[PDB]
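Given next are the chains, with one letter for each unit.
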Amino acid sequence: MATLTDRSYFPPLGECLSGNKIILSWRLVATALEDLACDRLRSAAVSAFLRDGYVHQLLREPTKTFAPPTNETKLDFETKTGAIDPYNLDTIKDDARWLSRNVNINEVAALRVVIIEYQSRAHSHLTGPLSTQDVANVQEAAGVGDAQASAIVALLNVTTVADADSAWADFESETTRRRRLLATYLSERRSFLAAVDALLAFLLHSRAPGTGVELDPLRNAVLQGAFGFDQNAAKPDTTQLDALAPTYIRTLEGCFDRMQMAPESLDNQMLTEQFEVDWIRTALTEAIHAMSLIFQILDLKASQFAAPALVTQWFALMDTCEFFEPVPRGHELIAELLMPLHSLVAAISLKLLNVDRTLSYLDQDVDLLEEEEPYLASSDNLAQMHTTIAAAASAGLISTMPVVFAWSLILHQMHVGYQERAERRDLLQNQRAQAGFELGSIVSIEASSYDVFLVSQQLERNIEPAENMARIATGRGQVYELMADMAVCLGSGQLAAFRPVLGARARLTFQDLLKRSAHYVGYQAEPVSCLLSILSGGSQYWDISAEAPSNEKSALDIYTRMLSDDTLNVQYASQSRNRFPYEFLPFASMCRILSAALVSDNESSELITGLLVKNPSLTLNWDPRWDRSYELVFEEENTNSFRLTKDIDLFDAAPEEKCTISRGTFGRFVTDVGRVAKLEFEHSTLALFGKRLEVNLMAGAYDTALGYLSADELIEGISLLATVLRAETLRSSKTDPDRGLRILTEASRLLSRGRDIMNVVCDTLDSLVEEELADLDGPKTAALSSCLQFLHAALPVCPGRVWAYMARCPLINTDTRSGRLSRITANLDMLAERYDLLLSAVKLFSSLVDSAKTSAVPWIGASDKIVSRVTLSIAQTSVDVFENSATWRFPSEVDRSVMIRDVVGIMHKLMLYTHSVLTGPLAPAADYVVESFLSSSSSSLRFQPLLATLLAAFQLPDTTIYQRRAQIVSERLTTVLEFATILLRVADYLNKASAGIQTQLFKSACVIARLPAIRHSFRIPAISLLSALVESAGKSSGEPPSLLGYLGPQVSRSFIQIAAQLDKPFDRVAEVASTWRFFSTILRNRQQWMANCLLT
């Protein structure tokens, strides 16, 4: 009746051991809730799991899940297994009781883990180290006289030593099985908290962009069932959701304890080096996902004081855990979790301090809501929080510097409030003094709710401690650089650790700190730069999207607040405009960042674009040759106000294309330390920059009042142009197109000779690259990126112009006699700006071949002739890059993964689009790629990057954060695998090749077949490839190479098992079809050994 049953979460043992019921482990549940995940969340298994009342109890009270053993659970453990070929019930029983004793969980929970391990042994086999023979195969597939070094470092890391026969002897041992049990347990712990975190993100974010987002029935079902939250109710009860925060805060003390010691109840020599890392990694991961949850809950009541009990609970925790700073940090797995952990710690602390509402409340400038109560109301609260934050500031714990900084402001404001009331009181004391010395009431001070705390620390008469905290944090504490890093971590770029939604709401705390510190700090280089970083969040031009972070409206607050918030807008945003273009970077950076981020919000985009087109002022260096073209308007003694008596032209010859500012326009000099003037001249920033751009080309044929724009201003200015063009493009409709068109002509509204901004950027591009033919300069190399990005953005609005220019674009046009300039200029080195340049080219090339597919359905500059040489050069360059990537040194492996995915993608699209455009315009390009890979003159060297992807994928860390990193490696793998399949097909299709490329894939089959046990998204592309391999071998005139032969007996048994386990867990139609395709081709292509293995 009342007692919620365990049976749905833990099926009867018999149905598990048989294979009927596959237990939904937390790992699978977690994967079903991953950032991409959508289809998996629909499946009946997961739907039932999330709708289970028993599961709901674990969600509210996480200590239940792996709760300590009791006689109540010992009893259930006997009952659970008194219901029942030997899978050895006694071995399973032995293990469950061993596990329960070693990590001190209850026998039922241990039994759950034991079965999970048992039902995933096939996966365990494949994730183990390769056999020695397998390594020999990879080595031979690589086979280079020099580039085997990069192959060697990869093989060394794949972990190598095994004779397959004894590997099974190891695997079956009692020791090895129980290490797997510990690892399965640690895996389940990580996944449990990851699941809870991801579940809340799923519930609290309606209208997410998943597949068929009427996942609302599931959302509503869980909300009402687990948290009593009825959205359709009059006033929804949130007390249960709220209760999650104090609950999960409690779990954090545990994570911190475990992070310091393994349970002294665990058998020795389970304690390998591998186990210690896994143990620590789990504790940290649990901490990170709990904190993510806590934040989501706090953010439910944002713009409002948290409950004081919540505020003090958190800071008491930070006190006992020393702000989560002392952690054992040896391995890399542990290392990449530190920044995310610290980011959440800072953000949560800031969220709870709520520096913005706190300062406003102290100035009696805010009215509390019904049940709102600030922690400031109590001196006792403040006393506890103070010593904690002060201790962090004294120890110089780096990650806590934002908290120290925010607190120093709060302290100062309390001190000011006290001094004000003290003077107000001492004034009355002196009025009554005066009236008394003519020819008895001892007037006291106005009472505050924080005074007795102030006195206890002497902060009422001595504010030096607060000043010093700010000094520590801005100085040696490097809080500005620190927040910039946390903003990348909490960003929306490829290095981001968290969901964009969470990150966007968290970065908000950092922005509030800068909003308030601007009162004490001016408009200085550091806070400004930091603010730009917090806004940027590590994004770039390629990340620009037509949609908001998970379609969330409030996720864009951090961006929209730059407009709507009086302090940020006046102190930062409008402040940057008031000094543009005299100071170019900040204003230009900010418009680029905001417009890129605000694409989905029309009212915000119009305000930013409108400002660029209708800009009220202009700030520049005063030309001393204008000392008679102005009269002082008056007051004070004015270095300030003046009025232009004559007209002044910003641009002079040595034409009606000039920038003149009519007389009467008012101005103001802005330094007295220099000669800078702010002119109230309304104008178009874009139109102006376009003309500045044009002047820079003519090399002294013009005069500029604005000066020659430098390399940095060249980079920033074009990127802004690119971004704004791109943004306006994505906002355009079929009822309102030509938005990008308008932006192009608005920027071309001031040029000469019937010339466009298009021509200016293209001429800039060509001129730059002859200047960049010197090749030593990064800033110029970066400017090349911007030109390419503009060209990319310009492609959708005027395709023909871009194609027409690419024909003469010196970067590629190998053309007449190998005039390939991008290759020479990029190859020289492969770091920093060079990578960005090469990426921009690749990305632009990819859009070009995309343009040919939609051209087969304004366009005037595109002819078959031109499209053929352009795409041929692209193919030529793509192959060159792809091949060279083997030896190159990229900034990071994530960066390499982007490069490889996009370069291989280009070549894949060339072969795939050749038939839908007689040879055909894409034919020579497609032929170039085909001939490049089929010729064994270099095929034995042109396979290495393919294998590198294979091994990179095989070594993707097991993490539930850094999902964007995992999506990217997955896209690199998938793209390479699918490219390999198209190669095999085309090779068979024209009967050439077969030979080496097919052979190399067989040599690589040992790695390929292990992929499906690394990630779900790997499964279908890997299997699909092996099927294409088997089908190709069946088309060879002799007897096809045995696939079972290469993989070995045991690996094959495990692989085939998984192809059946592929069908099972989520019931996806696609998974079933790939197993069917694989088995069908095995049975039809003379792989008898594999065929028989299929049935055993």
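Here, the structure is the one placed above.
Residues numbered from 1 in each chain as written, not as in the entry; some residues may be left out. Heavy atoms only, no water.

Caption draft 1: The overall build of the protein, seen in detail. A tally of regular secondary structure across the protein gives 49 helices and nine strands. Here the C-alpha atoms of the protein give a radius of gyration of 33 Å, agreeing with the 31 Å that 2.2 N^0.38 yields for 1096 residues. Taken over the C-alpha atoms alone, the protein extends approximately 110 × 90 × 55 Å along its principal axes. The buried share of the protein, taken over its 1096 residues, is 56%. (Helix = DSSP H or I, 4+ residues; strand = E, 2+ residues; numbered from the N terminus. Rg over C-alpha atoms; globule rule 2.2 N^0.38 Å. Buried < 20%, exposed > 50% of the residue type's maximum accessible area, 1.4 Å probe, protein only.)

Caption draft 2: Seen up close, the pattern of salt bridges. Taken as a whole, this structure holds 64 salt bridges when the rule is applied. Across the salt bridge formed by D557 and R505, the nearest N and O atoms sit 3.2 Å from each other. Separated by 52 residues along the polypeptide, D557 in helix α27 (residues 557-564) and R505 in helix α25 (residues 500-517) bring together distant segments of the chain. Judged by relative accessible area, which is 25%, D557 ranks as partly exposed. Ionic pairing is found between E583 and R579, a salt bridge with its closest N-O pair at 3.4 Å. By relative accessible area, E583 is classed as partly exposed at 30%. For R579, a relative accessible area of 21% gives the class partly exposed. Salt bridges sharing common partners tie together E606, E728, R731, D736, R739 and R742. (Salt bridge = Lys/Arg side-chain N within 4 Å of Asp/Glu carboxyl O.)

Caption draft 3: View of the pairing of strand β7 (residues 666-669). Of the two faces of β7, only the one carrying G667 and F669 is buried; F666 and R668 on the other face are not. The pairing of strand β3 (residues 641-644) with β7 spans three bridges and is classified as antiparallel. Note on β7: the bridge partner recorded for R643 is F666. In this sheet, strand β8 (residues 676-679) lies alongside β7 in antiparallel orientation, the contact comprising three bridges. Note on β8: the bridge partner recorded for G667 is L679. (Pairing = 2+ DSSP bridges.)

Caption draft 4: Local environment of the packing of aromatic side chains. Tallying each qualifying case throughout the model produces 31 aromatic pairs. Ring centres 4.9 Å apart and planes at 80° place the aromatic pair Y541 and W542 in the edge-to-face group. Ring geometry for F584 and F689: centres 5.7 Å apart, planes at 50°, overall tilted. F584 sits in the buried class, given a relative accessible area of 4%. The buried category is assigned to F689, whose relative accessible area is 6%. In this structure, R112 is placed above the aromatic ring of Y9, and the distance from its NZ or CZ to the ring centre is 3.6 Å. Above the face of the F933 ring, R942 is positioned so that its terminal group lies 6.0 Å from the ring centre. (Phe/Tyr/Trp six-rings, centres within 6.5 Å; stacked < 30°, edge-to-face > 60°. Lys NZ or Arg CZ within 6 Å of the ring centre and 35° of its normal.)

Caption draft 5: How the structure looks around the state of the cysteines. The tally for this structure, following the rule as stated, stands at zero disulfides. Distance from the sulfur of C787, which forms no disulfide, to the nearest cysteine sulfur (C762) is 8.1 Å. What makes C787 buried here is its relative accessible area of 0%. (Disulfide = S-S within 2.5 Å.)

Caption draft 6: How the structure looks around the packing of helix α39 (residues 864-884) against helix α40 (residues 893-912). Put simply, α39 and α40 touch, their axes get as near as 10 Å, and they point 140° apart. Looking at the two axes, α39 sits oblique to α40. α40 is crossed by α39, and the crossing has left-handed handedness. Within the contact between the two elements, α39 uses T871, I874, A875, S878, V879, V881 and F882 and α40 uses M899, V903, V904, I906, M907 and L910. Residue composition of the contact of α39 with α40, by class: 11 nonpolar, two polar and no charged. (Axes fitted to C-alpha atoms, helices over the stretch in contact; angles between N-to-C directions. Parallel < 35°, antiparallel > 145°, perpendicular 65-115°, else oblique. Left-handed = near helix turned anticlockwise from the far one by under 90°. Contact = heavy atoms within 4.5 Å. Nonpolar A, V, L, I, M, F, W, Y, C, P; charged D, E, K, R; others polar.)

Caption draft 7: A look at the sheet that holds strand β2 (residues 630-631). The antiparallel open sheet is built from five strands, whose spatial order is β1-β8-β7-β3-β2. Of all strands in the sheet, those bounded by a partner on one side alone are β1 (618-621) and β2. Inspection of the sheet shows β1 paired to β8 by four bridges, in the antiparallel sense. Counterpart to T619 in the pairing with β8 is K678.

Caption draft 8: A look at helix α35 (residues 778-794). Over its 17 residues, α35 runs 24 Å from end to end, which matches the ideal 24 Å to within 8%, given 1.5 Å per residue. Here α35 lies mainly inside the structure; 15 of its 17 residues are buried. If you check the start of α35, you find a side-chain oxygen 3.4 Å away from the backbone N of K780, and it comes from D777. (Expected span 1.5 Å × (residues − 1). Polar contact = N/O pair within 3.5 Å; in protein donor to acceptor, adjacent residues only side chain to side chain.)

Caption draft 9: Quick peek at the side chain of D278. Relative to the helices and strands, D278 is located in helix α16 (residues 273-298). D278 sits in the buried class, given a relative accessible area of 11%. In terms of polar contacts, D278 uses its side chain to reach the side chain of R190, at 2.7 Å.

Caption draft 10: Representation of the environment of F437 in the model. Along the chain, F437 turns up in the loop between α21 (401-436) and α22 (451-456). Relative accessible area serves as the criterion here: at 71%, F437 is assigned to the exposed category. Residues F437 and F405, 32 residues apart in the sequence, show an inter-C-alpha distance of 47 Å.

Caption draft 11: Examining the environment of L947 more closely. Looking at where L947 falls in the secondary structure, it is placed in helix α42 (residues 944-953). Between the C-alpha atoms of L947 and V1007, which are 60 residues apart in sequence, the distance is 9.0 Å.

Caption draft 12: Quick peek at the packing of helix α26 (residues 525-536) against helix α29 (residues 585-597). Following both chains from N to C, one finds α26 and α29 inclined at 15°, their axes separated by 10 Å at the closest point. In terms of axis orientation, α26 runs roughly parallel to α29. Read as a crossing pair, α26 and α29 show a hand that is left-handed. Listed contacts from α29 to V528, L531, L532, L535 and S536 of α26 are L585, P586, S589, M590 and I593.

Caption draft 13: How the structure looks around the environment of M261. Here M261 lies in the loop between α15 (239-258) and α16. For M261, a relative accessible area of 52% puts it in the exposed group. The sequence separation of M261 and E276 amounts to 15 residues, and the corresponding C-alpha distance is 9.2 Å.

Caption draft 14: Unusual backbone geometry, seen in detail. The residue after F580, namely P581, is reached through a cis peptide bond having omega 0°. Following the sequence through the fold, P581 ends up in the loop between α28 (566-577) and α29. At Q364, a position not held by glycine, the phi torsion is positive, near 50°. Mapped onto the elements of the fold, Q364 is located in the loop between α19 (355-362) and α20 (379-395). On the accessibility criterion, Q364 (70% relative accessible area) is exposed. Notably, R753 is not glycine yet its phi reads approximately 50°, a positive angle. Turning to its location among the elements, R753 is positioned in the loop between α33 (739-746) and α34 (757-771).

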